Amino acid sequence: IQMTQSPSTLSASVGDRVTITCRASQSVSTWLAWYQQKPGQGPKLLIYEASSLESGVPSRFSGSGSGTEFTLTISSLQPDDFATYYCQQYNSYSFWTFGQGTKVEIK
Amino acid sequence: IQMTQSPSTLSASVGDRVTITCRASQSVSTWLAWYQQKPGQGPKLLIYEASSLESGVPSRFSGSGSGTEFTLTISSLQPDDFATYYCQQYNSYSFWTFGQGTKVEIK
Amino acid sequence: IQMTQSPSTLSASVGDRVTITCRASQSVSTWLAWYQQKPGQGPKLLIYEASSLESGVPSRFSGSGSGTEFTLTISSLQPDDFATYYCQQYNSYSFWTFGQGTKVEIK
Amino acid sequence: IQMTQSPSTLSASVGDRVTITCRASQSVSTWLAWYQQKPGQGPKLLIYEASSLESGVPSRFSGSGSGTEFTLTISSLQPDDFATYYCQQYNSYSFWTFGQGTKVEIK
Amino acid sequence: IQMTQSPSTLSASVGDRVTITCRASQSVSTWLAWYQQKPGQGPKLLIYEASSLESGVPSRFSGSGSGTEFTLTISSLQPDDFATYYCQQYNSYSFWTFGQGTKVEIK
Amino acid sequence: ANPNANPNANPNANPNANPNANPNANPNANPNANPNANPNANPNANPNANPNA
Amino acid sequence: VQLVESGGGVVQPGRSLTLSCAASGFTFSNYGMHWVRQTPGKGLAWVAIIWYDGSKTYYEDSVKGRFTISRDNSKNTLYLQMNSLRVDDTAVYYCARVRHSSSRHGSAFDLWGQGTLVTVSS
Amino acid sequence: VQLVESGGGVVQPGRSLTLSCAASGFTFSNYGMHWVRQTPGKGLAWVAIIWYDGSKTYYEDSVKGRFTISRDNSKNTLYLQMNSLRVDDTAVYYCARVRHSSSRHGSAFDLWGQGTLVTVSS
Amino acid sequence: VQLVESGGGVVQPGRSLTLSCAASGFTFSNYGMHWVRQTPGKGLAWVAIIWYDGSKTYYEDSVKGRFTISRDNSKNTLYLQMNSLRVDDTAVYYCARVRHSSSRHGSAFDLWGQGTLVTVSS
Amino acid sequence: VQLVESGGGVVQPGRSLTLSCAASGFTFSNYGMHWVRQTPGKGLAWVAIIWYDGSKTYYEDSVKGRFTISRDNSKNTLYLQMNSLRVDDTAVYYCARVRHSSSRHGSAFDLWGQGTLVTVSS
Amino acid sequence: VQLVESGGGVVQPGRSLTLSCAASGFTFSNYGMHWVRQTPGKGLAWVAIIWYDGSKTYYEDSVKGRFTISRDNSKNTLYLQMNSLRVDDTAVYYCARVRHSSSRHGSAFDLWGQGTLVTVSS
Amino acid sequence: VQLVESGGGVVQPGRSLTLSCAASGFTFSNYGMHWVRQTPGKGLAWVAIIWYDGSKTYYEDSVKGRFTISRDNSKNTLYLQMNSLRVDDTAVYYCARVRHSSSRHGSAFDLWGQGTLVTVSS
Amino acid sequence: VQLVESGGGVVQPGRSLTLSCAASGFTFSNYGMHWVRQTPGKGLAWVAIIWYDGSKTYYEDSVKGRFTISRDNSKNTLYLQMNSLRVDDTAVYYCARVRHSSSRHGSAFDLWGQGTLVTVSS
Amino acid sequence: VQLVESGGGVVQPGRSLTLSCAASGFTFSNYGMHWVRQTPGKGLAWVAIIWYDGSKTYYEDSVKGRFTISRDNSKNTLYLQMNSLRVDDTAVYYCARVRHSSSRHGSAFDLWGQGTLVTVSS
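For this coordinate set, the PDB header names cryo-EM as the determination method and states a resolution of 3.62 Å.

By the naming in the PDB entry, chain G goes by 334 Fab heavy chain and is assigned to Homo sapiens. According to its PDB record, this entry is titled "Cryo-EM structure of 334 Fab in complex with recombinant shortened Plasmodium falciparum circumsporozoite protein (rsCSP)".

As recorded by the PDB entry, chain A carries the name 334 Fab light chain and is attributed to Homo sapiens.

Written out as structure tokens, the structure reads:
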């Protein structure tokens, strides 16, 4: 299962609205997770099961979708939300695979 | 798993037939138990695995169900059996959670 | 864990082939043993763990199975092999229980 | 599901082109696999899901079809590839059944 | 439990990186030791519990693993450490058994 | 076409289903496991025990 | 193979009754089972289905919300928990096993029980 | 039973908005659901369809490739991801459930939601 | 088969109070025990588990890091040591003995103590 | 990565013979394995399947009640206990390993054994 | 390697009887032993276990509290103090030694005594 | 809660390197763990998994037979041992903890280490 | 901290040989000891063990009934009396000391002797 | 929305050749396709049609029984397996997609592939 995210680069300013879309080459049902890797650190889970929020993650982040189309939405971009966001799938009999990740930059 | 019971309060007389319904927010397979707490004492096990009977409990008490619908049926209500009954679930990967308790009252 | 052995009586002659079947009411994994008790003596182990052979037992005795169906196969019956054979199970959380025992008689 | 193959015996020479036709008495969708059993050995999987090649299979072998008509094409017959080829179907609710097998012989 | 070593003989020079692998027939959990026997001498303890170091042994020696795959790593070989290395296991209910041992020669 | 659930279907075992290990199964600890004493355990002497004081 | 039910008897209208259906001689966790009434003076009528797991369920249009069917594969049983019984529900209740079919459209009921009489009256 | 949507609001043209539709009181994994617009001054207009499984979708000719309808059976929700929004898309969006039908031809939209207002303007 | 709690009383918020659970009449060192709260106006709520040896313990999310459960097989006693109590934690505390089960999935709580009231107030 | 059987031979009709199948070079407990016959003068014929745990077994309709397939993940060994043999069953028996599939619909048999000859005659 | 018992006989119901079991030829202090009954007309039935030091014992549910198993490692001798005998309790009592196992899950009873007779009647 | 890796460095192709992963602040013997690569110019890549006990283990198809993953629950430590390192295997290695899931289907990787750099060059 | 043995030599088959192995520089009365063989062409082999008192003894299965190991706490010496020697007993005999461990599972052999050669041939 | 074919070449008369057709950019499992020849010196000519499911196929009168057409909806492919070729089959084979139409009569071929040359000669 190959996961690709578009757009690969997403310029945005503080207080804007950002959507990052992850597409799966095969149906992954609702099994999907979104990460956030600021440079020099280790990625932190943000969304699991494609809809829920990991404890401690601010309410800005949200996700939606099922099947092969997914989307991570930020209702209000903050000064510390400029990092690479990744996509993961863990299906029934499919192993864990990650997308190439999109980078959010200041505008 | 949020565990709910119905009815919250049940009026019945000696020799009647009483059914208490326990409904699970998620599937709990057949792992479920019914307790009985007389006021001021400690609850005592009545039914385990939602169908089998604990040793020493009178044959009046019986239960059935699987998934998210469970019932406890008393074929002959005695003056002994006027107490609060609790519903517990212990699923495979879930922790122990109890119901709110239905009180059987004299009529 | 109720253990049953069949056939209860198995008539056979010297040099024949004898198979005794042991069935367990529940899955007992591979924990099972076979005994042989000549009249007036104490039983001696033949097969442990349902497949291995006890030290010093003749290579004639052999057994196989896992779960609920276990069999004991004697390649060549001998004139000292006419005795009662018992089936024992020792599962993980289950206690030791024995089958009724089959008697192999002279045809 | 009755599965038949034609032709039963296919004479061919080294470097020739070989096509083996497998017909299913019912719709098996794309669930079909092709085998190869040289004399005295065990069959080796070549094609699974009627199109994909098993790892280690030479690129010469190829298969195609759906529904009830399937064919296996050897682009260039080698001296290695003289063996009996079997056709298997594993439908959704049907059990595994095998064809009679066509034998490829030197011309 | 039978202990085997790979490679049987490993040629290395001064300052080279040395890795020696010990494999177990049955899982020995974490209980394992590595010994070093120079010709004409008595073997000495280097690693106990398969990860910790014996007091007085230099930090060059290190080991890791669990289950059945245990390896001993020498970061920087010296002309002292040229000796035969033995792998010992002492499981919970299993007796002490030693491997055949590997020998290192000057390249 | 009727996009509903088709209540008349095949409610059976589907014998040709993936008979394998399901690599994505829960690799965690299963907190709701038998916390009892395991009455059938090795009652022997444990020959590999601390032979010191 | 054998399929025997239990749990019959006489109850007053408005009360609840639970039926059981023990399956013996065959693998029970592979078959989706049914419950069928038989009111005297009328033909058989379908009541509920269970989808081999408890995952999916369907009921007759006149028993939705009063009858709950659930199965226990570990003990080879069925349970049609009947709530809010009426004088209509006087009937004999059978179990049915869905025959194996090499398709996706199901099949007929091949193994039937002997039925338990349920009487609702005052 | 009930069917309530959410996720509405006002966004600038070209932005992306995600709508949701939570279903309760019935087995949501059994029905194929629709999204229907209501532009004031014009009658209702159909938008998409989800085929009870997520397997098949069909969109209106004017929203193909900008709208993505997807459903989650586990949490009883619908989603309609709307990309490249335009000023034309100012309308109230409804959820619709396809009635059970004893044929191969579907049925009408019986259970409708209360609708959420989506406004696109500058 | 007796199971007696102790150690109850009245404490101020933020103070530490330790409970005990003296078992009698059975092999205490063979069973895994639980602690269960009963706050009047609500049902029972689970608190902690002890795995027959002290090897494994699991707590409720609202008491993790403040409650430390430990057992003493030599004197047949439990210990639930509370630190940094709050006004939420006023309830009646029960011990529970996990029933012997011929499987790996545990069992219900057969033997419950009489409970000691813990009151947190100022 | 090798898969070898044993236990064949010549037995009279009505006598019971047991086969074994030792798997080496791979993790055996992860795969559901099959037993397949090859009668001379016929093609391969399927016999039985074991579901990676021993939880589910299915047999060919001609061997139900006489063949019992059971596996032992601890020793990496299969067993097909054949009871009440008849002259029909003279065939070579093969072990088969089901390929990993990224779906729920199964896959073909990649690893096949070398076959053990079973002869049933007087 | 020998296992010889004694202390049997005939006593009236309600009395107490003490059996013994002298072991020789092996390190008796290394082994957890069992007691096993044989009532004619019925297969063997387990009675008690002693855990190699006296820490743990387990009895059959029908002899709990009436049979007290104990051992003396200094004399290589078991003791089964029987109290409140009933007409059921007549059978032949065997000692059993648990075979050495290279695991934690026990093993079968390899060495058995010659059995002793315990008869109860009025 | 803290999870940090170690043991990285620079080695020549064909040599062996071993990584360690010390987990602190949480019950390590309860979690299944992973190893994840991050090659610059590429996305994250999965490498191996350990099943909370050492019982089961799966690898990426490109590292089968060259990488060994094993855990030491007593010291709260992971180990991925590399054999026959190639030029491809230069990346940053992270340990990933599998989130607790109230089901049978696992969950995502929540707690990630700071990672260590492994360089293979001549 | 020194371990030196003695009593070696060459003896005929069937004869009995007794060694001595004295300890100096440490409290020999507190540490259990082992005997380890080293035959040419094969790795090390374990022989016997003393449980710090001489109370418990374990041998290799190939030397049971012919070897006898004992210690003299007053003189800090080990005695291993070999009886019925065979040509296969030609090896180097090593005294070994068990390391101190703050647990119950023992520890590896930290202090070793120099070895005595015992050859059995005609 | 791209349609490409493959599998061409030059083959002697009487041999079997299989063509293919790759679909991308659209939902291929929703459309029924065609295969069309273009023989130089003549116009186009229809060859085969596949009915969106494989349920129905139709052929030109001159290729019945020699050309078979089948599609794999999972891989988005078409196959025209050609048997017993003649010199008259020298042509360029196209794929054609039948356009969506709001009737029961079909539509023209809207999307055409590029074509693969198949030549039959001695």
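This is not the end of the story, as more comes after the structure.
A.B. asks: Which residues make up the pairing of strand β4 (residues 20-24) of chain N, and what values do they have?
C.D. replies: All names here are of chain N. Where burial is concerned, the two faces of β4 differ: the one with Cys21 and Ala23 is buried and the one with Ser20, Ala22 and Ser24 is not. In this sheet, β4 lies alongside strand β1 (residues 2-6) in antiparallel orientation, the contact comprising five bridges. Its bridge partner being in β4, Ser6 is matched across the sheet by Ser20. Two elements, β4 and strand β9 (residues 77-82), share two bridges in a ladder whose sense is antiparallel. Bridge pairing in β9 places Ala22 opposite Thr77.

A.B. asks: Go over the state of the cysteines with me, naming the residues and quoting the values.
C.D. replies: Scanning the model with the defined rule gives 13 disulfides over all chains in all. For A:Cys22, the disulfide goes to A:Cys87, at an S-S distance of 2.0 Å. What sets the handedness of the A:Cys22 and A:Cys87 disulfide is the S-S torsion sign, and at about -90° it is left-handed. Taken as a pair, A:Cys22 in strand β3 (residues 18-24) and A:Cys87 in strand β9 (residues 84-89) lie far apart in primary sequence, 65 residues in all. Per residue, the accessibility class of A:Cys22 equals that of A:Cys87, and both read buried. Two residues share a disulfide in this structure: M:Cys21 and M:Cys95, whose sulfurs sit 2.0 Å from each other. Pair noted here: M:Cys21 is in strand β3 (residues 17-24) and M:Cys95 is in strand β9 (residues 91-98), with a separation of 74 residues, a long-range link.

A.B. asks: So what's going on with the sheet that holds strand β3 (residues 17-24) of chain J? Which residues, and what values?
C.D. replies: All names here are of chain J. The four strands are arranged β1-β3-β8-β7 in an open sheet whose pairing can be described as antiparallel. The sheet terminates laterally at β1 (2-6) and β7 (67-72), the two strands that pair on one side only. The mean angle between the axes of side-by-side strands here comes to 15°, regardless of whether they run parallel or antiparallel.

A.B. asks: Just give me the short version of unusual backbone geometry, but keep the residues and values in it.
C.D. replies: In this chain, D:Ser6 is followed by D:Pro7 through a cis amide linkage whose omega measures 0°. As for its position among the elements, D:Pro7 is in the loop between β1 (3-6) and β2 (9-12). Phi at C:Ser29 is positive, roughly 55°, even though this residue is not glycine. Looking at the element boundaries, C:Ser29 is found in the loop between β3 (18-24) and β4 (32-37). On the basis of relative accessible area, C:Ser29 is assigned to the partly exposed category, the value being 34%. Backbone geometry places I:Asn76, a non-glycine residue, at a positive phi of 55°.

A.B. asks: So what's going on with the interface of chain L and chain A? Residues and values would help.
C.D. replies: The accessible area lost on association of the parts is a frequent measure of interface size. Taken together, the 19 residues of chain L in the interface contact 22 residues of chain A. With both sides pooled, the region where chain L packs onto chain A buries about 1700 Å², and carbon together with sulfur makes up 62% of that total. For chain L, the biggest contributors to the area lost against chain A are L:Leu44, L:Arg99 and L:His105; these three give 32% of the whole. Summed over the shared surface of chain L and chain A, the number is one salt bridge.

A.B. asks: Describe the arrangement of the chains, and please don't skip the residues or the numbers.
C.D. replies: With 34 pairs of chains in contact overall, the greatest share of contacts is found between chains A and L. Here chain E and chain I are not in contact; the least distance found between their C-alpha atoms is 17 Å. Chain G shows no contact with chain L. Their nearest C-alpha atoms sit 15 Å apart.

A.B. asks: Can you explain the interface of chain E and chain L? Please cite residues and give values.
C.D. replies: Contact with chain E, which involves twelve residues of that partner, is made by 13 residues of chain L. For the chain E and chain L pair, buried surface summed over both sides reaches about 1000 Å², with 43% attributable to carbon and sulfur atoms. The largest share of the area that chain E buries against chain L comes from E:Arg17, E:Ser64 and E:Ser66, three residues that together contribute 41% of it. A salt bridge links L:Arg15 to E:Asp16, with the shortest nitrogen-to-oxygen separation between them at 3.9 Å. At the boundary of chain E with chain L, the tally comes to seven residue pairs in polar contact. Looking at the side of chain E that touches chain L, the elements with two or more residues in it are β7 (61-66) and β8 (69-74) of chain E. A breakdown of the residues in the side of chain E that touches chain L according to their chemical character gives no nonpolar, eight polar and four charged.

A.B. asks: With reference to specific residues and values, describe the packing of aromatic side chains.
C.D. replies: This structure, assessed with the given rule, holds 92 aromatic pairs over all chains. Aromatic pair E:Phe95 and E:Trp96: ring centres 6.4 Å apart, planes at 50°, arrangement tilted. Judged by its relative accessible area of 28%, E:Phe95 is partly exposed. With relative accessibility at 4%, the residue E:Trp96 sits in the buried group. Connected via pairs of aromatic rings, a cluster forms that spans A:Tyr35, A:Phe95, A:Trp96, A:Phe98, L:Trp46, L:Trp51, L:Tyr58, L:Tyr94, L:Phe109 and L:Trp112.

A.B. asks: How would you sum up the environment of N:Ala108? Please name residues and give values.
C.D. replies: Residue and element names in this part refer to chain N. Residue position: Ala108 is located in the loop between β10 (91-98) and β11 (109-112). Of the residues examined, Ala108 reaches a relative accessible area of 55% and is grouped as exposed. For the pair formed by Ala108 and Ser122, sequence separation is 14 residues and the distance between their alpha carbons is 37 Å. Among residues more than four places away in sequence, those in contact with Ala108 are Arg97, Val98 and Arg99.

Quick notes on the rules
- Residues numbered from 1 in each chain as written, not as in the entry; some residues may be left out.
- Chains lettered and ligands numbered in written order.
- Part of a larger assembly, values for the part shown.
- Heavy atoms only, no water.
- Buried < 20%, exposed > 50% of the residue type's maximum accessible area, 1.4 Å probe, protein only.
- Helix = DSSP H or I, 4+ residues; strand = E, 2+ residues; numbered from the N terminus.
- Pairing = 2+ DSSP bridges.
- Disulfide = S-S within 2.5 Å.
- Axes fitted to C-alpha atoms, helices over the stretch in contact; angles between N-to-C directions.
- Contact = heavy atoms within 4.5 Å.
- Buried area = accessible area lost by both parts, 1.4 Å probe.
- Salt bridge = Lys/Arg side-chain N within 4 Å of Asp/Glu carboxyl O.
- Polar contact = N/O pair within 3.5 Å; in protein donor to acceptor, adjacent residues only side chain to side chain.
- Nonpolar A, V, L, I, M, F, W, Y, C, P; charged D, E, K, R; others polar.
- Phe/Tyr/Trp six-rings, centres within 6.5 Å; stacked < 30°, edge-to-face > 60°.

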